[PDB]
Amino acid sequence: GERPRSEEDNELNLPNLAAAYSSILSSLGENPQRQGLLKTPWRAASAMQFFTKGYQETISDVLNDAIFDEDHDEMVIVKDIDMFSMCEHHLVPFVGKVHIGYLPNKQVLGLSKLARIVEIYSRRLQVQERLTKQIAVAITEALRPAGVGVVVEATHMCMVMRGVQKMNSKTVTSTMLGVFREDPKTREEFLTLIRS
């Protein structure tokens, strides 16, 4: 396939998602008729469609405005970028922060877009490992920088709730490239800097 599905297709799956969600309510042993549940099959459906929109977006139309500042060549960092994704294993959320650092080469992407790349890839059914590696890469390919480093710390409800309610159970997953990858003195500066 490939191509990102827009509002048209999403506008049609509503009834089937609605129904998929109606069938569920009954199976949990619930009475779909309560005043509450009443319009849930649509809301839920309608909602699920949101935590998964990164699908109908492409890193190209999202790109653009990658200012050719060049004149700098020194570690830019955008920390604490908020992220809310969907565990692809049990359709449950895992939410956290993302930090990014790079060694611009000739180009330097606007800051407003780095928080965007994070959204194109987070609003999908993901695994943390991959969301990370995907952001880093998009950044590289688009900016062609000397080195990119992405570290993602997030809490998963799959843990925090089912199985065993272990709050804190924060998992961090990094992906270093180039200078960050090769040179540890740099990678060291990155980490010991995303703290404060």
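Don't overthink the numbering: it's just position in the shown sequence, from 1.
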*Determine if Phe68 is unmodelled in a third or more of the other PDB entries compared for this protein.*
yes
*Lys170 not built in a third or more of the other entries*: no
*State which stretch shows the higher mean Cα B factor in the entry: 5-13 or 173-181.*
5-13
*As stated in the PDB record, which stretch has the larger average Cα B-factor, 22-30 or 59-67?*
59-67
*Highest Cα B-factor in the PDB entry belongs to which of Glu88, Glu74, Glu119, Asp80?*
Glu74
_I'd like to know which of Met161, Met48, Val148, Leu131 has the highest C-alpha temperature factor in the PDB entry._
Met161
*Just say lowest, middle or highest third for the CA B-factor of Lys53 relative to the other modelled residues in its chain.*
middle
*State the tercile, meaning the lowest, middle or highest third, of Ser112 with respect to the CA B-factors recorded for its chain.*
middle
*CA B-factor placement of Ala44, once the chain's modelled residues are sorted into thirds*: lowest
*Should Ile135 be placed in the lowest, middle or highest third of its chain by the C-alpha B factor in the entry?*
lowest
*asked:* How does the C-alpha B factor of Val127 compare with the rest of the chain: lowest, middle or highest third?
replied: lowest
